[PDB]
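pasting the structure only:
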């Protein structure tokens, strides 16, 4: 039944190609076939295929040169990050709606409040050794980390603006990171951030602080941050 | 909904916490805060108390009938930290075994499929699970799973007896090595699946979807489908249906059945129709059935007082 | 005194919030949670509940509250289905599979063409199923048509002949409600009763009706070409010139019906819709006759009709949505929200079947939802026989899980009423051998009966001689049925015609042998031990040697002794009786009566045997008429040795041993 569902999509695709019509996306036809099979793993697979294939198609004569281009490699990593961020935002949403009494979602929509309510589930007890204070009883670095993990850099910037007096120069680095299309610091700001990381942040007791600096500064690539990145 | 049948005056002095019919539906066991286990022989109408079993020092939480191939055996568990095995011989009910190996209230008892032997699972508020085995010769053997749940175990339910590869040709005389499994629900918000391997019980899976104490867990009986189904209910007012389509993948997917406005206390499967009975803190019993599109629909709402 | 206070036995009305903040304390929740009820339902729909002079718990039966009694009808259908059944025999779990995709459509259409003989009294309990099964006959009929082909089939003829058959079905679906309508539209209206006569043709009489008030226009017309296309061009032209600004009111709707346009935005800016006030079924028929050529295909008629209730970027949706024949009354008011609601609505079977004519991909998981036909999400009926016909007409895209569930639900229903072996026939089609095996054994162990009766023996002979079930398995179920409760009587008999190369022996020995010796019922014991004593069964019985020999021999010795003695007391059997008895001394020596009664019975038997042996020896070794009274000078050392190794209680057995010793001493004195 699965092979027949796809063979029908191949027929419909080829019929449109042969008739000289606008070539349908084979990804969309196969995603529509997968949604009819009621297999969640196959649906999640085609959502991933759709996200990773949404890249600027260059009519290159040579597929290898196109795929190995720095622009195309950067497009794939951007789509993989967007997929993982959306997946985690949906996981955060489902986890909060499954635990509404503990989560205390409140009445104000947005990723910032969703992450606060997720922290009531994931951090029910104060973890000793968190740094740079709390916003409304929630740890600053945990809020920044989970807003970034959900792909909502604007919700993370709201946290950074509220904690601006504790975070110092990090605010300016984080503002530069958000305004860059590639989520990149300038080589000067990045080297300043890496030097600050090695001197002070690497020895921090706060695992969320370490992870956020390692992400933005692209440093300590040997550390897996298993205290905050467990999956 | 169903036509009215007999009314049984149980002559009790408190709330019946739980009630179970025997295998042939000729007897009803009941247990209460009054520390008694009462047995009624309700055959062809005619309510009839046949035994008042006293042996617990606290409220009795759950009762479980054994398979009739071992005779008329009933288990009970209590706040007094004991599990009692009652047996009828020649119409007389006696305490044939007492297990006191838990440090806190024993909240749930469930007999294994009779293919496995005479095996009882017991879940306690000490966070442990005990498996009592009777071999026919000598005392009951005990396998205790210490720290099964971090705070306490509220419910235990056995998996159906499935022969691995029942569609594979085998000799006329042979022993079917059953995969013995059961599910437990605890105060750590986890539903946990257990497997016997080399005579030891191991945690096979953790199922994470409840946000508060799991109150009850029920493994659906095998209707000859490969899909294994578990129901769980919680203090968070949610009921989840957990499905696993392939016994080899061990992949369990949660589906939210419903979210009640109050606590859900018990979940129980119908033997023949895959109907879930759900008992809520709202004093209602709701019946649920899966439709052909895989949606779950409420097929009846039973209120206290419409009889 | 002798009066009483008066126990308030309410599970308290509704105090709550106090104890509730009290429990908000999370230090303890097991007492918080004693209050409610851990109650679940059980097998055969036995419902267990704890809800409401007295005040406590009620436990009220809850089987099926819908269609509880409805036997005769399924009896005819089910008989038909299994008579059309076929049988597979290669494994100990047999396998049913329908006869290859044929004749079921004519069995079902023939069956409802018998229920029509008494369907009059029933209201809306067959017409829905009649519509569905006659649609299935019109579409994938795919059956006899008075030789539809006497010689050879040409696909144009085959498809035109299906358009004749489906046109005769559509006319017959409309014919009742059209003679209701023709009784109401009183004299007269050529802009209404003329329209309804056309929505179900029968043009024969539509002409006699023009006689009175019908125009020439219609008596002349009562198959062309684009003649009607020039009627259309004429219309286009009045339009471009506003030539029809003043004209007959819905006479225009009737004229456009003769010329298929069939929704028209007039120069008044009126939307003259021909299709409104109809059902999707007549709306598609109007497309098949009047909007399209007299030669075309149905998948194209279906897809145009679906893109006619579906909207356009310039056009009002002009066909009615295909609702099930019930929900019609409550057409959801689509207040600025049509599509988002349509993406949740069932659509009656007939369109799912007209697709499966067309195509091979659309979802069998929608088409078999039983709230299409009715809406009680319980009984399927139609679903199971439709699944067998869909399996006959090929189609294998359905998941096994949904097969297992559909068979489990109809087997659970059958029981809900309380049924039997045709549920076994339905299960015998499941492709998984050990699940077919386990389900049939478990169902037998629920429902089989240890009172044997004409109803039990009818179901049992049907199971064995129709469904190919066995004799020993039912007896084993009866044995289980006794042990868990009773008895001592039927369990032994039902286990009998069931080998117990170990358990049988066990039980028999520890009970029936002691009582049959007390009552001396050797016969009833002689079957089970005779049948276990076969040279192939002796190889496999633990303790066989021991006990077999034991009891068999007791009985045998007695019998042989008596009979032979009388008879003529032949020597050779007497040699073999001596051989058996002399060995049996050294076997009664070893009885291991591990329990009480064991020893009880042991004693009993030793006693009786000894008595019998005495009496038998009486006339035994030859009364010596010729000798000085048969003096027993000869003494046997083996008998004395066997007595020493003989095991029994120190009282009576040793007293007997002492008497034997005294006899031996007397023999020694005689020898002296």
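Structure's in. What do you need? Numbers count the residues shown, from 1 in each chain, chains lettered A, B, ... in the order given.

switch to C-alpha atoms for all contacts and neighbour counts from now on
OK.

Could you look up the SS state of residue C:517?
Put simply, residue C:517 is helix when judged by DSSP: H, G, I helix; E, B strand; the rest coil.

Excluding chain neighbours, what is closest to residue B:51?
Ranked by Cα to Cα, 6 or more residues apart in numbering or on different chains and with sequence neighbours excluded, the top spatial neighbour of residue B:51 is residue B:39, at 5.1 Å.

can you give me phi and psi for the one you found?
Here is the backbone geometry of residue B:39 (degrees, to the nearest 10): phi -110, psi 130.

My guess is it contacts residue B:54. True?
No - taking contacts as Cα atoms under 8 Å, residue B:39 lies outside contact range of residue B:54: 11.5 Å.

returning to what we had before: so what sits opposite the residue nearest to residue B:51 in the bridge?
residue B:29, residue B:51 (DSSP bridges).

how near is it to residue B:15?
For residue B:39, the distance to residue B:15 (Cα to Cα, to the nearest Å) stands at 15 Å.

Which one's more surrounded, the two?
A direct count of neighbours by other Cα atoms under 10 Å in any protein chain shown for residue B:39 and residue B:15 places residue B:39 higher, at 24 against 20.

wait, what's in contact with that one?
Residues near residue B:39 by Cα atoms under 8 Å, 6 or more residues apart in numbering or on different chains: B:27-30, B:49-53.

Quick one: list the elements packing against the longest helix seen in chain C.
Under DSSP state H, the helix in chain C containing the largest number of residues is helix C:155-184. Applying 3 or more Cα pairs under 8 Å, 6 or more residues apart in numbering or on different chains; DSSP states H and E, we find helix C:155-184 packed against helix C:127-139, helix C:193-198.

ok, and for that helix, which residues are buried?
By neighbour count on 16 or more other Cα atoms under 10 Å in any protein chain shown, the buried set for helix C:155-184 is C:159-160, C:162-163, C:165-167, C:169-171, C:173-175, C:178.

Stretch B:113-132 too?
Buried residues in stretch B:113-132 (16+ other Cα under 10 Å): B:113, B:117-132.

Over to it now: how far is its first residue from its last?
13 Å.

before we move on, what about stretch C:49-60?
In stretch C:49-60, first residue to last residue: 8 Å (Cα to Cα).

That stretch and chain B in contact?
Yes - using Cα under 8 Å from any Cα of the partner chain, stretch C:49-60 reaches chain B at C:49-52, C:54, C:56-60.

Show me what the longest helix anywhere in chain A is packed against.
Counting by DSSP H, the longest helix found in chain A is helix A:70-98. Judged by 3+ Cα pairs under 8 Å, 6+ apart, the packing partners of helix A:70-98 are helix A:40-53, helix A:111-122, helix A:140-149.

Let me know the angle separating that helix from helix A:140-149.
Angle of helix A:70-98 versus helix A:140-149, following axes from the mean of the first three to the mean of the last three Cα atoms, to 10 degrees, is 120 degrees.

what packs against the following helix or strand past helix A:70-98?
Remark: after helix A:70-98, the chain's next helix or strand is helix A:100-103, criterion DSSP states H and E. Secondary structure elements in contact with helix A:100-103, counted by 3+ Cα pairs under 8 Å, 6+ apart, are helix A:111-122.

after the helix it packs on, next one along is what?
Immediately after helix A:111-122, counting by DSSP H and E, sits strand A:134-135.

Which among the contacts of residue B:39 count as buried?
Taking 16+ other Cα under 10 Å as the criterion, what is buried in the contacts of residue B:39 is B:27-30, B:49-51, B:53.

Need the max-distance pair from those residues.
Across the buried ones among the contacts of residue B:39, the longest distance by Cα to Cα is 14.4 Å; it joins B:27 and B:53.

The residue of chain A found nearest chain C and chain B, how far apart?
When scored by Cα to the nearest Cα, chain A has residue A:1 as its residue closest to chain C, at 4.3 Å. Going from residue A:1 to chain B by Cα to the nearest Cα, to the nearest Å gives 17 Å.

Any figure for the gap between that residue and residue B:245?
17 Å.

again, but for residue C:148
Residue C:148 is 47 Å from residue B:245, by Cα to Cα.

any idea which element residue B:242 lies in?
strand B:238-244.

The very next helix or strand once past that strand pairs with which strands?
Sequence order places strand B:253-259 as the next helix or strand after strand B:238-244, per DSSP H and E. Partners of strand B:253-259 in the sheet, by DSSP bridges, are strand B:238-244 (antiparallel).

nearest to chain C, of the contacts of residue B:39?
residue B:28 (9.1 Å).

Report the closest residue of the stretch 51-200 of chain C relative to chain B.
Going by Cα to the nearest Cα, chain B is nearest to residue C:62 of the stretch 51-200 of chain C, at 3.8 Å.

right, I mislabeled it, should have said the stretch 151-300 of chain C
Closest point on the stretch 151-300 of chain C to chain B, by Cα to the nearest Cα, is residue C:280, at 24.6 Å.

just chain A next, same as before
Nearest residue of chain A to chain B, counting by Cα to the nearest Cα: residue A:99, 4.4 Å away.

what residues are up against that residue?
Here residue A:99 is in contact with A:121, B:210-212, B:236 (Cα under 8 Å, 6+ apart).

Now residue C:58: phi and psi?
The phi/psi pair for residue C:58 (degrees, to the nearest 10) is phi -100, psi 150.

For burial, what's the neighbour tally of it?
Neighbours around residue C:58, by other Cα under 10 Å: 21.

quick one: it and residue C:52, what's the gap?
6 Å.

which residues do these two both contact?
Residues touching both residue C:58 and residue C:52 by Cα under 8 Å, 6+ apart: residue B:307.

Pull the residues that contact the host helix or strand of residue B:154.
In this structure, residue B:154 sits in strand B:153-158 according to DSSP H and E. Strand B:153-158 is touched from outside by B:107-113, B:121-129, B:181-187, B:214-219, with contacts defined as Cα under 8 Å, 6+ apart.

From those, which land in strands?
Among these, the members found in strands (DSSP state E) are B:107-111, B:121-124, B:129, B:181-186, B:214-219.

filter the residues you listed to the buried ones?
Buried, going by 16+ other Cα under 10 Å: B:107-111, B:121-124, B:129, B:181-186, B:214-219, out of those.

Does residue C:356 touch residue C:367 like I think?
No - counting by Cα under 8 Å, residue C:356 does not reach residue C:367; the two are 10.3 Å apart.

So what's the residue count around residue A:206?
Counted with other Cα under 10 Å, residue A:206 comes out at 20.

mind listing what it touches?
A:129-131, A:141.

By neighbours, which of those residues wins?
Counting by other Cα under 10 Å, top hit in the contacts of residue A:206: residue A:141 with 27 neighbours.

can you tell me which residues contact that residue?
Applying Cα under 8 Å, 6+ apart, the residues contacting residue A:141 are A:130-132, A:206, A:208-209, A:212.

who's in contact with the spatially most central residue of chain A?
Nearest residue to the geometric centre of chain A (Cα atoms, centre = their mean): residue A:85, 2.5 Å. Applying Cα under 8 Å, 6+ apart to residue A:85 gives the contacts A:149-151.
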